[PDB]
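The chain contents come next:
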Amino acid sequence: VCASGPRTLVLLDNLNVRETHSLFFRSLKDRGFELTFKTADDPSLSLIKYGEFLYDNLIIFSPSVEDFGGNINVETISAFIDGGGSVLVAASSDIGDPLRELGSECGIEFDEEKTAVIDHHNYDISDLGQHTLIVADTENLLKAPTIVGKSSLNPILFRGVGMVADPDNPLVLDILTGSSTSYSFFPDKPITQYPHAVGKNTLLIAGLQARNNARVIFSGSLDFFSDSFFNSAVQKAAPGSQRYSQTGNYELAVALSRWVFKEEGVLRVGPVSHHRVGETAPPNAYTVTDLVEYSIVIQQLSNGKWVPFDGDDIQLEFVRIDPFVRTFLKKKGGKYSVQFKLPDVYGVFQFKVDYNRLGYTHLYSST
Amino acid sequence: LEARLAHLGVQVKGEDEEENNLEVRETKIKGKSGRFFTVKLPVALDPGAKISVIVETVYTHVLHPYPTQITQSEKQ
Amino acid sequence: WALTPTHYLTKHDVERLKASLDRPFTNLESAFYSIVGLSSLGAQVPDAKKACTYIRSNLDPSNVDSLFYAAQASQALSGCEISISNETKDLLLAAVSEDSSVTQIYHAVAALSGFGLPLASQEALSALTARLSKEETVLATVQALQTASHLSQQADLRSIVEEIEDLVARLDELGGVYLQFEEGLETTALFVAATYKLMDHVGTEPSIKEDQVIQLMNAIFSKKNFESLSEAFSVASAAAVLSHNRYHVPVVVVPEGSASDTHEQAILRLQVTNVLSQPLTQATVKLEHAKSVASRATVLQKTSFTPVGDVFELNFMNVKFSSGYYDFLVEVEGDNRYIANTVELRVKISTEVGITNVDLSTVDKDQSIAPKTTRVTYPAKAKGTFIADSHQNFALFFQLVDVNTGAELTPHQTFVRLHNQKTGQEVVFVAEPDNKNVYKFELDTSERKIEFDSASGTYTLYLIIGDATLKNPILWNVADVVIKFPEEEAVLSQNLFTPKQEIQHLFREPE
Ligand SMILES: *[C@@H]1O[C@H](CO)[C@@H](O[C@@H]2O[C@H](CO)[C@@H](O[C@@H]3O[C@H](CO[C@H]4O[C@H](CO[C@H]5O[C@H](CO)[C@@H](O)[C@H](O)[C@@H]5O)[C@@H](O)[C@H](O)[C@@H]4O)[C@@H](O)[C@H](O[C@H]4O[C@H](CO)[C@@H](O)[C@H](O)[C@@H]4O[C@H]4O[C@H](CO)[C@@H](O)[C@H](O)[C@@H]4O[C@H]4O[C@H](CO)[C@@H](O)[C@H](O)[C@@H]4O)[C@@H]3O)[C@H](O)[C@H]2NC(C)=O)[C@H](O)[C@H]1NC(C)=O
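Calculation rules
Residues numbered from 1 in each chain as written, not as in the entry; some residues may be left out. Chains lettered and ligands numbered in written order. Part of a larger assembly, values for the part shown. Heavy atoms only, no water. Contact = heavy atoms within 4.5 Å. Buried area = accessible area lost by both parts, 1.4 Å probe. Salt bridge = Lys/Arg side-chain N within 4 Å of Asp/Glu carboxyl O. Helix = DSSP H or I, 4+ residues; strand = E, 2+ residues; numbered from the N terminus. Nonpolar A, V, L, I, M, F, W, Y, C, P; charged D, E, K, R; others polar. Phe/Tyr/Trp six-rings, centres within 6.5 Å; stacked < 30°, edge-to-face > 60°. Buried < 20%, exposed > 50% of the residue type's maximum accessible area, 1.4 Å probe, protein only. Pairing = 2+ DSSP bridges. Axes fitted to C-alpha atoms, helices over the stretch in contact; angles between N-to-C directions. Parallel < 35°, antiparallel > 145°, perpendicular 65-115°, else oblique. Left-handed = near helix turned anticlockwise from the far one by under 90°. Near = heavy atom within 4 Å. Polar contact = N/O pair within 3.5 Å; in protein donor to acceptor, adjacent residues only side chain to side chain. Areas by Shrake-Rupley, 256 points an atom, 1.4 Å probe, with all protein chains shown as cover.

Per the deposited record, determination of this structure is attributed to cryo-EM, with the resolution reported as 4.1 Å.

Now the structure itself:
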């Protein structure tokens, strides 16, 4: 069972994108997604009918389009993400205003139009001579196995517009940072001003985990998903650089798509039981310094089948205003449970579980 | 709709509506699913004859709001 | 500027197309497409003797479609004579009638020409025109043009030719680069073959504009995958007619190898070939003029290229190009048939930068003490620790010049990076030149607290110099500086996913 339904809407600036990106679409179709391709400017486009969502996932491969057709609007996409739909956005140097605005709502700041990421030290030998096609090292890749896949990846090619994550927003995920030498600026114009993105601050790919658990990924380069990069070999222009038979673009793309569409890292919370030790039912009120047993069950989605979760870092808290007691929940009998003695102070206490981990769904339980 | 049937009334088509109401009893017919009613005619219907009767039923909860949620301005 | 060809058959592309044609035969239509398509490209069939026998066995005398495919395939094959009965001759003539489609007329006329049977060309045209009046579709029109190419010149082909102007208007344009019909790639390739073949036989130059033909070929070659045998055969015919014809020969011009780093060799070589990648050895090339991007002024003019084998090479040792981008205008001359003979290419000249006379100094902020300066030169790293704190500031001065010429340089990227050794944090600053072109950088701890967040510690100091035109970008560890900010008067969010500290409750002691 997929948390997000197979219904997916694809927005393309040009129909030719499907042919150029055939490998990516075929890999997605093979997973059982039901893709529908419509032009981004097409008037008939609509996301909500009578309060229901026509599509579960949206992929916008329409970097250059200034405006969306029909009723699709930045407000509508924002509502869609709030509903729990997963959105994928691919950008380029021709980015129109709506894509920049959408990033602004999500806390990811795209650079101005016509700018490109410039790396004079790691640019691929195949580059046109503008040093804008950068060979991104796997070192910058985020250390999250669930999002990017456990397997190692070869260097990946990126060519596109850099973006900067807003510090104020905690939820922003720096999936792939640029090189230390990389920066975002207009190549033709001299750098009088401070760069919009400099060094590792520059972000090529970033992700967002919403409070409702909706997942959105913003990619600086549409070309990264293109079949051309997937098959092309990579060798850095600088001397002494090895030549790799294949890039890691294809493998990385597959891992990211799974994460966005709730194919990995999905967790659910089942029934929680609390009662006095030796009792099978919860008393209406507990006495001071009584001993109680707390039990909760958590599950993980693997291959579409729910299974007992293996997480070992779960911590329980007993809180009134501030946490009086915090302890780890032991894994016993397929359930997480602990026994502890209540504090000597009476009040309206609440049991809390706040197992929030990188790349996994955020679980909160209060009784 | 059988679950949602609040009431069933049958009366013969005649001026004497007060007396034309027919007695109806819930009955189960063997081998066929669904609720059935047996209606007793005022006079037996002989071969080749016809009579006109009026059947009235009221159902409850059969209208469902769509969309489920509306704002103050929005209609129902 | 004239439109340059954007799509064509490369040396790899032509070979792949030949392979696409060279497939096992399954039907008479398959044999016609593969054999004729190879013949148009000039390729041959290894088993041509077997191919002729295959046509002979599958040829049905009572079916028009078989007759057309067998006749064309046999004609492409050398010496492939096939027996034809008198009844077959009657069937082909009967097929050409007002009550039969233009496609049927095309098959019958082509079959008669391939076998060599006599035909009443004027009568065939009369039937073809009458049907064509109702059959105004693009496919019917293209077939009519091919039929005229087979009909004798004595026939009034002018009526058929007039459709060519109508079709060109009917073409759909993707905007300045491509022209094709709605029916897709197959119709365009057949139409180009029909127009060139008909016009060549008639003896009149095609009315289509040279620029429009360039767009049409670009549409045909926009997709390099031909799934069906028919698609390969049509494209092969279109390429063959374009490659050699009496009026228009497309001249493809592209630079050989990367011109971005041309400074190493200072030689420019241009490939000149037709649409099939066959070099136009008979052409001559000249560099009409060369201009500087910075000022747009010409630096060289009217300098002829020399044919060296396939490529055309121009030597410019005499001229010492300065760092920057230059645009070269080149024209192809010779045969009048050439179209799109003029192409513009962009070449880039690179240089290397040398950093010299960098002085690293620390100065007392109050200026009571004269500045202390330690001379350094790249790549030799500075020795000893330099202190920047509430009392002493730190500064860097360096000069960037071209090694070869010694002129002042202003690299696009010139950044100073301070990396905290323990934390791994990186801080990047942008250095700017003064009036004298000597770069100056100053670090003031009190002001810079916001940039560093007042984070004290040892920072490795790096100089980053790079530009698109610079052959050698430099990332140098100039020195190590320790920055001590004023002690803070007085963070856990980043531990978003970690175990919190264990908390226990202290129960009250019994009395
Ligand atoms: C009327 O209503 C009023 C309104 O609420 C009530 O007032 C409230 O009363 C409670 C109960 O006293 C107060 O809570 C206690 O406040 C103590 C003082 O606050 C200190 O906390 C500051 C923390 O600063 C930051 O800390 C972290 C930093 O990341 C951050 O999360 C946090 O938000 C904050 O920004 C600290 O800097 C200053 O020193 C402040 O003085 C505070 O010390 C108490 O913390 C205790 O207890 C709580 C549980 O209540 C635990 O969560 C803490 O970890 C800590 O627990 C330790 O101390 C307890 C006793 O103090 C022990 O029982 C624990 O076992 C544990 O023992 C360790 O620490 C002891 C010393 O502290 C050692 O002896 C031990 O060996 C252990 O090391 C607690 O928060 C509310 O602040 C207060 N609210 C207000 C608004 O005033 C009032 O009570 C009501 N009146 C009546 C009559 O009912």
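S.K.: Tell me about the interface of chain A and chain C, residues and numbers included.
M.R.: When the parts of a complex come together, some accessible area is lost, and that lost area is often taken as the interface size. Taken together, the 37 residues of chain A in the interface contact 33 residues of chain C. Summed over the three residues of chain A that lose the most area to chain C, namely A:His120, A:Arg326 and A:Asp344, the buried surface amounts to 21% of that side. Applying the counting criterion to the chain A and chain C interface returns one salt bridge. C:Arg508 is paired through a salt bridge with A:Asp344; the nearest N and O atoms lie 3.9 Å apart. If you list the elements that add at least two residues to the side of chain A that touches chain C, you get β13 (183–185) and β23 (323–328) of chain A. Residue contributions to the side of chain A that touches chain C peak at six residues, all from β23(A). Of the residues that constitute the side of chain A that touches chain C, the class distribution is 17 nonpolar, 12 polar and eight charged.

S.K.: How would you sum up the side chain of A:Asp290? Please name residues and give values.
M.R.: Among the structural elements, A:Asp290 can be located in the loop between β19 (267–276) and β20 (291–302). Ignoring sequence-local partners within four residues, the contact set of A:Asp290 consists of A:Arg276, A:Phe340, A:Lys341 and A:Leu342.

S.K.: Please give an account of the packing of aromatic side chains that cites residues and values.
M.R.: Residue and element names in this part refer to chain C. Inspection of every chain in the model, using the stated rule, returns 41 aromatic pairs over all chains. On the numbers, 5.2 Å between centres and 40 degrees between planes, the contact of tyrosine 33 with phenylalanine 233 is tilted. Separated by 200 residues along the polypeptide, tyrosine 33 in helix α2 (residues 28–41) and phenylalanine 233 in helix α12 (residues 229–243) bring together distant segments of the chain. In this pair, the class of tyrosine 33 matches that of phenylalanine 233, namely buried.

S.K.: Explain the pairing of strand β6 (residues 86–90) of chain A residue by residue, including any values.
M.R.: All names here are of chain A. The buried count for β6 comes to five of five residues, which makes it a mostly enclosed element. The alternating pattern of β6 places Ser86, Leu88 and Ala90 on one face and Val87 and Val89 on the opposite face, and all of these are buried. Pairing between strand β5 (residues 57–61) and β6: four bridges, direction parallel. Paired with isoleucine 59 across the two strands is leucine 88, which belongs to β6.

S.K.: How would you explain the packing of helix α1 (residues 11–21) of chain C against α2(C) if you had to name every residue and give the values?
M.R.: All names here are of chain C. Following both chains from N to C, one finds α1 and α2 inclined at 155 degrees, their axes separated by 8 Å at the closest point. Regarding the angle of α1 to α2, the classification is roughly antiparallel. Seen from above, α1 lies across α2 with left-handed handedness. Of α2, the residues touching α1 (which contributes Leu17, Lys18 and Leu21) are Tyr33, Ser34, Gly37, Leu38 and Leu41. Split by residue class, the contact of α1 with α2 holds five nonpolar, two polar and one charged.

S.K.: So what's going on with unusual backbone geometry? Which residues, and what values?
M.R.: The phi angle of most residues is negative, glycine excepted, and most peptide bonds adopt the trans form. Following B:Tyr66, the chain continues to B:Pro67 via a peptide bond in cis, the omega torsion being 5 degrees. Structurally, B:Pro67 is set in the segment after β4 (53–59). Cis peptide bonds are those with omega within 30 degrees of zero, and the linkage from C:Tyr378 to C:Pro379 qualifies with -5 degrees. With respect to the helices and strands, the residue C:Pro379 is situated in the loop between β14 (372–376) and β15 (386–388).

S.K.: So what about the arrangement of the chains? Which residues, and what values?
M.R.: The structure contains two pairs of chains in contact, of which chains A and C account for the largest number of contacts. At no point do chain B and chain C touch; the closest pair of C-alpha atoms across them sits 37 Å apart.

S.K.: So, the site of the ligand: which residues are in play, and what are the values?
M.R.: Looking at the ligand, the residues that line it are A:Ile321, A:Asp322, A:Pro323, A:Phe324, C:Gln504, C:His505 and C:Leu506. Surrounding the ligand is a set of residues that belongs to chains A and C. A distance of 2.9 Å separates an oxygen atom of the ligand from a polar atom in the backbone of A:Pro323. In this structure, an oxygen atom belonging to the ligand sits 2.7 Å away from a main-chain N or O atom of C:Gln504. Burial of the ligand by the surrounding chains reaches 17%, relative to a free accessible area of 1,500 Å². Looking at the shell around the ligand, its residues break down into four nonpolar, two polar and one charged.

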